[PDB]
Amino acid sequence: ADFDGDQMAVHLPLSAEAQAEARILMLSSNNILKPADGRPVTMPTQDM
DNA sequence: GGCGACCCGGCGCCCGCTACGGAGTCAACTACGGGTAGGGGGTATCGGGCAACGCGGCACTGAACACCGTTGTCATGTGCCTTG
Ligand SMILES: [Mg+2]
């Protein structure tokens, strides 16, 4: 997702189970490593 | 005469979402006959508006008895005086 111009859908987990999964499984901070080859993907390089 | 290419048909698909324009189009006819449906007309049936009149507590009716309280009342008992 570059910032040239891009829209991103936002979805709402409703049930207690859904927000539980989103809190535990689908969290942004528990997916540092890319599943393709198990290397970091959450440290981009453009500016920092 | 099954192999064989080849030929052909015939089919199967062809990243993701939002968000983003409108446009809308060429050749019968009449007669009948019914039946439904509308309209108003009139009619039986259901629904809305009022004071007595159901109640009840108690209250008055005190009236007529009852419940103590009272000073009415009586015939009948002590104390002093007179005579045996
Ligand atoms: Mg982009």
# chains A, B, ... in the order shown; residues from 1 in each chain; ligands from 1
$ interface_residues --of "chain B" --to "chain A" --cutoff "12 Å" --atoms "only C-alpha atoms (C1' of nucleotides)" --output "list in words"
residues 16, 17, 18 and 19 of chain B
$ write_last_selection --atoms "C-alpha atoms (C1' of nucleotides)" --output "PDB file, in the first residue's frame"
ATOM      1  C1'  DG B  16      -8.933  -7.498  -6.555  1.00  0.00           C
ATOM      2  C1'  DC B  17     -12.242  -4.032  -4.674  1.00  0.00           C
ATOM      3  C1'  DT B  18     -14.416   0.438  -4.389  1.00  0.00           C
ATOM      4  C1'  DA B  19     -16.073   4.421  -7.276  1.00  0.00           C
TER       5       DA B  19
END
$ closest_atom_pairs --of "chain A" --to "ligand 1" --cutoff "9 Å" --atoms "only C-alpha atoms and all ligand atoms" --output "Markdown table"
| residue | atom | partner | partner_atom_place_in_ligand_line | distance |
| --- | --- | --- | --- | --- |
| A:1 | CA | ligand 1 | 1 (Mg) | 5.6 |
| A:2 | CA | ligand 1 | 1 (Mg) | 4.9 |
| A:3 | CA | ligand 1 | 1 (Mg) | 6.3 |
| A:4 | CA | ligand 1 | 1 (Mg) | 5.7 |
| A:5 | CA | ligand 1 | 1 (Mg) | 5.4 |
| A:6 | CA | ligand 1 | 1 (Mg) | 4.8 |
| A:7 | CA | ligand 1 | 1 (Mg) | 8.1 |
$ write_last_selection --atoms "C-alpha atoms" --output "compact mmCIF listing (two decimals), in the first residue's frame"
# COMPACT_ATOMS: atom_id res chain seq x y z
CA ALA A 1 0.00 0.00 0.00
CA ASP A 2 1.74 3.12 -1.26
CA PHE A 3 0.37 6.59 -0.54
CA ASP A 4 0.09 7.84 -4.12
CA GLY A 5 -3.64 7.24 -3.77
CA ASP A 6 -5.19 4.10 -2.32
CA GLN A 7 -8.40 3.08 -0.57
$ select_by_dssp --residues "range 5-45 of chain A" --states "helix (DSSP H, G or I)" --output "PyMOL selection string"
chain A and resi 16-24
$ select_by_dssp --residues "chain A" --states "strand (DSSP E or B)" --output "VMD selection string"
chain A and resid 33 to 34 39 to 40
$ write_last_selection --atoms "C-alpha atoms" --output "PDB file, in the first residue's frame"
ATOM      1  CA  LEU A  33       7.312 -12.185   9.762  1.00  0.00           C
ATOM      2  CA  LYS A  34       6.065 -12.787   6.233  1.00  0.00           C
ATOM      3  CA  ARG A  39      11.647 -13.037   7.229  1.00  0.00           C
ATOM      4  CA  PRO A  40      10.685  -9.616   8.608  1.00  0.00           C
TER       5      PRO A  40
END
$ atom_distance --atom1 "CA of residue 29 in chain A" --atom2 "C1' of residue 15 in chain B"
27.6 Å
$ atom_distance --atom1 "CA of residue 24 in chain A" --atom2 "CA of residue 12 in chain A"
15.3 Å
$ decode --residues "range 16-53 of chain B" --atoms "N, CA, C and O atoms (P, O5', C5', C4', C3', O3' and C1' of nucleotides)" --output "CSV table (one decimal), in the first residue's frame"
chain,number,residue,atom,x,y,z
B,16,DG,P,-10.6,-11.8,-9.5
B,16,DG,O5',-10.2,-10.8,-8.4
B,16,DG,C5',-11.2,-9.9,-7.8
B,16,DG,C4',-10.6,-9.1,-6.7
B,16,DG,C3',-11.3,-7.8,-6.4
B,16,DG,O3',-12.4,-7.9,-5.5
B,16,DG,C1',-8.9,-7.5,-6.6
B,17,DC,P,-13.8,-8.6,-6.0
B,17,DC,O5',-14.9,-7.6,-5.3
B,17,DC,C5',-14.9,-6.2,-5.7
B,17,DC,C4',-14.2,-5.4,-4.6
B,17,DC,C3',-14.6,-4.0,-4.5
B,17,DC,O3',-15.7,-3.8,-3.6
B,17,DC,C1',-12.2,-4.0,-4.7
B,18,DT,P,-17.2,-3.5,-4.1
B,18,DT,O5',-16.9,-2.2,-5.1
B,18,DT,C5',-17.4,-0.9,-4.8
B,18,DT,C4',-16.5,-0.3,-3.7
B,18,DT,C3',-16.6,1.2,-3.6
B,18,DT,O3',-16.8,1.6,-2.3
B,18,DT,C1',-14.4,0.4,-4.4
B,19,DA,P,-17.3,3.1,-1.9
B,19,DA,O5',-16.5,4.0,-3.0
B,19,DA,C5',-17.2,4.5,-4.2
B,19,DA,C4',-16.3,5.2,-5.1
B,19,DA,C3',-17.0,6.2,-6.0
B,19,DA,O3',-16.1,7.3,-6.3
B,19,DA,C1',-16.1,4.4,-7.3
B,20,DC,P,-16.7,8.7,-6.8
B,20,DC,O5',-16.7,8.6,-8.4
B,20,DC,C5',-18.0,8.4,-9.1
B,20,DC,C4',-17.8,8.1,-10.6
B,20,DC,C3',-19.0,8.1,-11.4
B,20,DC,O3',-19.4,9.4,-11.8
B,20,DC,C1',-17.6,6.2,-12.0
B,21,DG,P,-20.9,9.7,-12.3
B,21,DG,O5',-21.0,8.8,-13.7
B,21,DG,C5',-22.2,8.7,-14.4
B,21,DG,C4',-22.1,9.3,-15.7
B,21,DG,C3',-23.2,8.9,-16.7
B,21,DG,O3',-24.3,9.8,-16.5
B,21,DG,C1',-21.1,8.8,-17.8
B,22,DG,P,-25.6,9.3,-15.7
B,22,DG,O5',-26.8,10.2,-16.4
B,22,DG,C5',-27.7,9.6,-17.4
B,22,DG,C4',-27.1,9.8,-18.8
B,22,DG,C3',-27.9,9.2,-19.9
B,22,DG,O3',-28.8,10.3,-20.4
B,22,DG,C1',-25.6,8.7,-20.1
B,23,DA,P,-30.4,10.0,-20.4
B,23,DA,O5',-30.6,9.1,-21.7
B,23,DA,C5',-30.2,9.5,-23.0
B,23,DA,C4',-29.8,8.3,-23.8
B,23,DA,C3',-30.9,7.2,-23.9
B,23,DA,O3',-31.7,7.4,-25.1
B,23,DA,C1',-28.8,6.2,-23.3
B,24,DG,P,-33.0,8.3,-25.0
B,24,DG,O5',-34.0,7.5,-26.1
B,24,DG,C5',-35.1,6.7,-25.6
B,24,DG,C4',-34.8,5.3,-25.7
B,24,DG,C3',-35.8,4.4,-25.0
B,24,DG,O3',-36.8,3.9,-26.0
B,24,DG,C1',-33.6,3.7,-24.4
B,25,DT,P,-38.3,4.1,-25.7
B,25,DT,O5',-39.0,4.1,-27.1
B,25,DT,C5',-38.8,3.0,-28.0
B,25,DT,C4',-38.8,3.5,-29.5
B,25,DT,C3',-38.6,2.4,-30.5
B,25,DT,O3',-39.4,2.6,-31.7
B,25,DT,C1',-36.7,3.9,-30.5
B,26,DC,P,-39.7,1.4,-32.7
B,26,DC,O5',-41.2,1.8,-33.2
B,26,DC,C5',-41.9,0.9,-34.1
B,26,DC,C4',-41.9,1.5,-35.5
B,26,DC,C3',-42.5,0.6,-36.5
B,26,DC,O3',-43.9,0.7,-36.7
B,26,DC,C1',-40.4,1.5,-37.2
B,27,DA,P,-44.9,-0.2,-35.8
B,27,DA,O5',-46.3,-0.1,-36.5
B,27,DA,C5',-46.8,-1.3,-37.2
B,27,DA,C4',-47.1,-0.9,-38.7
B,27,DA,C3',-47.9,-2.0,-39.5
B,27,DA,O3',-49.3,-1.6,-39.5
B,27,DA,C1',-45.8,-1.7,-40.6
B,28,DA,P,-50.2,-1.6,-38.2
B,28,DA,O5',-51.7,-1.6,-38.7
B,28,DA,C5',-52.3,-2.8,-39.1
B,28,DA,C4',-53.7,-2.6,-39.7
B,28,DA,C3',-54.6,-1.8,-38.7
B,28,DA,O3',-55.3,-0.8,-39.4
B,28,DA,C1',-55.6,-3.9,-39.3
B,29,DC,P,-56.2,0.3,-38.6
B,29,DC,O5',-57.6,-0.4,-38.5
B,29,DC,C5',-58.3,-0.9,-39.7
B,29,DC,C4',-59.5,-1.7,-39.3
B,29,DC,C3',-60.3,-1.2,-38.2
B,29,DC,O3',-61.3,-0.3,-38.6
B,29,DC,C1',-60.2,-3.6,-38.4
B,30,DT,P,-62.3,0.4,-37.5
B,30,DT,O5',-63.5,-0.7,-37.4
B,30,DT,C5',-64.2,-1.1,-38.6
B,30,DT,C4',-65.3,-2.1,-38.3
B,30,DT,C3',-66.2,-1.8,-37.2
B,30,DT,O3',-67.5,-2.2,-37.5
B,30,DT,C1',-65.2,-3.8,-36.7
B,31,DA,P,-68.8,-1.8,-36.5
B,31,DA,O5',-70.0,-2.5,-37.2
B,31,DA,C5',-69.9,-3.8,-37.7
B,31,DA,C4',-70.1,-4.9,-36.6
B,31,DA,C3',-71.0,-4.5,-35.4
B,31,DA,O3',-72.3,-5.0,-35.6
B,31,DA,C1',-69.1,-5.9,-34.8
B,32,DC,P,-73.4,-4.7,-34.5
B,32,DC,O5',-73.3,-5.9,-33.4
B,32,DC,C5',-73.3,-7.2,-33.9
B,32,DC,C4',-72.8,-8.2,-32.8
B,32,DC,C3',-73.6,-8.1,-31.5
B,32,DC,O3',-74.4,-9.3,-31.3
B,32,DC,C1',-71.2,-8.2,-31.2
B,33,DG,P,-75.4,-9.3,-30.0
B,33,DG,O5',-75.3,-10.9,-29.5
B,33,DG,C5',-74.0,-11.5,-29.4
B,33,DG,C4',-73.4,-11.4,-28.0
B,33,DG,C3',-74.4,-10.9,-26.9
B,33,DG,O3',-74.9,-12.1,-26.2
B,33,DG,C1',-72.1,-10.0,-26.7
B,34,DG,P,-75.8,-11.9,-24.9
B,34,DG,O5',-74.8,-12.0,-23.7
B,34,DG,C5',-73.9,-13.1,-23.6
B,34,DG,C4',-72.7,-12.8,-22.7
B,34,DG,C3',-73.0,-12.5,-21.3
B,34,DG,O3',-72.3,-13.5,-20.4
B,34,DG,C1',-71.5,-10.8,-22.2
B,35,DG,P,-72.7,-13.6,-18.9
B,35,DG,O5',-71.4,-14.1,-18.2
B,35,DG,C5',-70.1,-13.6,-18.6
B,35,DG,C4',-69.7,-12.3,-17.9
B,35,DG,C3',-70.2,-12.1,-16.4
B,35,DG,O3',-69.3,-12.6,-15.5
B,35,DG,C1',-70.1,-10.0,-17.7
B,36,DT,P,-69.5,-12.4,-13.9
B,36,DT,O5',-68.6,-11.1,-13.6
B,36,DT,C5',-67.4,-10.9,-14.2
B,36,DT,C4',-67.0,-9.4,-14.1
B,36,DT,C3',-67.0,-8.9,-12.7
B,36,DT,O3',-65.8,-8.2,-12.4
B,36,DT,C1',-68.2,-7.5,-14.2
B,37,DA,P,-65.4,-7.8,-10.9
B,37,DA,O5',-65.5,-6.2,-10.8
B,37,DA,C5',-65.0,-5.4,-11.9
B,37,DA,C4',-65.9,-4.2,-12.0
B,37,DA,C3',-66.1,-3.5,-10.6
B,37,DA,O3',-65.3,-2.3,-10.5
B,37,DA,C1',-68.1,-3.5,-12.0
B,38,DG,P,-65.1,-1.6,-9.1
B,38,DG,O5',-66.1,-0.4,-9.2
B,38,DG,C5',-65.9,0.7,-10.2
B,38,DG,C4',-67.2,1.3,-10.5
B,38,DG,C3',-67.8,2.1,-9.4
B,38,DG,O3',-67.4,3.5,-9.4
B,38,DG,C1',-69.4,0.9,-10.8
B,39,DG,P,-67.7,4.5,-8.1
B,39,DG,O5',-69.3,4.7,-8.2
B,39,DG,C5',-69.8,5.6,-9.2
B,39,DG,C4',-71.4,5.6,-9.2
B,39,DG,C3',-72.0,5.9,-7.8
B,39,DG,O3',-72.1,7.3,-7.7
B,39,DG,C1',-73.1,4.1,-9.0
B,40,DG,P,-72.6,7.9,-6.2
B,40,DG,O5',-74.1,7.4,-6.1
B,40,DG,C5',-75.1,8.0,-7.0
B,40,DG,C4',-76.4,7.3,-6.9
B,40,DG,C3',-77.3,7.6,-5.7
B,40,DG,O3',-78.7,7.7,-6.1
B,40,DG,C1',-76.9,5.3,-5.7
B,41,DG,P,-79.8,8.3,-5.1
B,41,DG,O5',-81.0,7.2,-5.2
B,41,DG,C5',-80.6,5.8,-5.3
B,41,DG,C4',-81.6,4.9,-4.5
B,41,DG,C3',-82.2,5.5,-3.3
B,41,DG,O3',-83.6,5.3,-3.2
B,41,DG,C1',-81.0,3.5,-2.7
B,42,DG,P,-84.5,5.8,-2.0
B,42,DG,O5',-84.5,4.6,-0.9
B,42,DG,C5',-84.9,3.3,-1.4
B,42,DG,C4',-84.3,2.2,-0.4
B,42,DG,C3',-84.9,2.3,1.0
B,42,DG,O3',-85.7,1.1,1.3
B,42,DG,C1',-82.5,1.8,0.9
B,43,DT,P,-86.4,1.0,2.7
B,43,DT,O5',-85.3,0.1,3.5
B,43,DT,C5',-84.9,-1.2,3.0
B,43,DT,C4',-84.0,-1.9,4.0
B,43,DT,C3',-84.4,-1.9,5.4
B,43,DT,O3',-84.5,-3.2,6.0
B,43,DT,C1',-82.2,-1.2,5.3
B,44,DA,P,-85.2,-3.5,7.4
B,44,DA,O5',-84.0,-4.2,8.2
B,44,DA,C5',-83.6,-5.5,7.8
B,44,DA,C4',-82.2,-5.8,8.4
B,44,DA,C3',-82.2,-6.2,9.9
B,44,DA,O3',-81.3,-7.2,10.1
B,44,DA,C1',-80.8,-4.2,9.5
B,45,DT,P,-81.1,-7.8,11.6
B,45,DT,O5',-79.7,-7.0,12.1
B,45,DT,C5',-78.6,-7.1,11.3
B,45,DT,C4',-77.4,-6.3,11.9
B,45,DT,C3',-77.3,-6.4,13.4
B,45,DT,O3',-76.0,-6.8,13.7
B,45,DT,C1',-77.3,-4.1,12.7
B,46,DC,P,-75.6,-7.1,15.3
B,46,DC,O5',-74.5,-5.9,15.6
B,46,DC,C5',-73.4,-5.8,14.8
B,46,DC,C4',-72.7,-4.4,15.0
B,46,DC,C3',-72.2,-4.1,16.4
B,46,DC,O3',-71.0,-3.5,16.3
B,46,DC,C1',-73.8,-2.4,15.8
B,47,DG,P,-70.0,-3.4,17.6
B,47,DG,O5',-69.6,-1.9,17.7
B,47,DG,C5',-70.5,-0.9,17.2
B,47,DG,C4',-70.1,0.5,17.6
B,47,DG,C3',-69.6,0.7,19.0
B,47,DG,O3',-68.8,1.9,19.1
B,47,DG,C1',-71.8,1.6,18.8
B,48,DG,P,-68.2,2.3,20.6
B,48,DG,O5',-68.9,3.7,20.8
B,48,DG,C5',-68.7,4.8,19.9
B,48,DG,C4',-69.7,5.9,20.2
B,48,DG,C3',-69.6,6.6,21.5
B,48,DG,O3',-69.7,8.0,21.4
B,48,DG,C1',-71.8,5.8,21.2
B,49,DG,P,-69.0,9.0,22.5
B,49,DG,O5',-70.3,9.9,22.9
B,49,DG,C5',-71.5,9.3,23.3
B,49,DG,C4',-72.5,10.4,23.8
B,49,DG,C3',-72.4,10.9,25.2
B,49,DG,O3',-73.0,12.2,25.3
B,49,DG,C1',-74.2,9.4,25.1
B,50,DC,P,-73.0,13.0,26.7
B,50,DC,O5',-74.3,12.4,27.4
B,50,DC,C5',-74.4,12.3,28.8
B,50,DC,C4',-75.8,12.3,29.3
B,50,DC,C3',-75.9,12.3,30.8
B,50,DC,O3',-76.9,13.2,31.3
B,50,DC,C1',-76.9,10.3,29.9
B,51,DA,P,-76.9,13.7,32.8
B,51,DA,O5',-78.3,13.0,33.3
B,51,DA,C5',-78.5,12.9,34.7
B,51,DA,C4',-79.7,12.1,35.0
B,51,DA,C3',-79.9,11.7,36.4
B,51,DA,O3',-81.3,11.4,36.7
B,51,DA,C1',-79.1,9.8,35.2
B,52,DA,P,-81.8,11.0,38.1
B,52,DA,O5',-81.9,9.4,38.0
B,52,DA,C5',-82.6,8.6,39.1
B,52,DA,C4',-82.7,7.2,38.7
B,52,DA,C3',-82.8,6.2,39.8
B,52,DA,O3',-83.5,5.0,39.4
B,52,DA,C1',-80.7,6.1,38.7
B,53,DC,P,-83.8,3.9,40.5
B,53,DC,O5',-83.2,2.6,39.9
B,53,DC,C5',-82.0,2.6,39.0
B,53,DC,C4',-80.8,1.9,39.6
B,53,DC,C3',-80.9,1.5,41.1
B,53,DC,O3',-80.3,0.3,41.4
B,53,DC,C1',-79.0,2.8,40.8
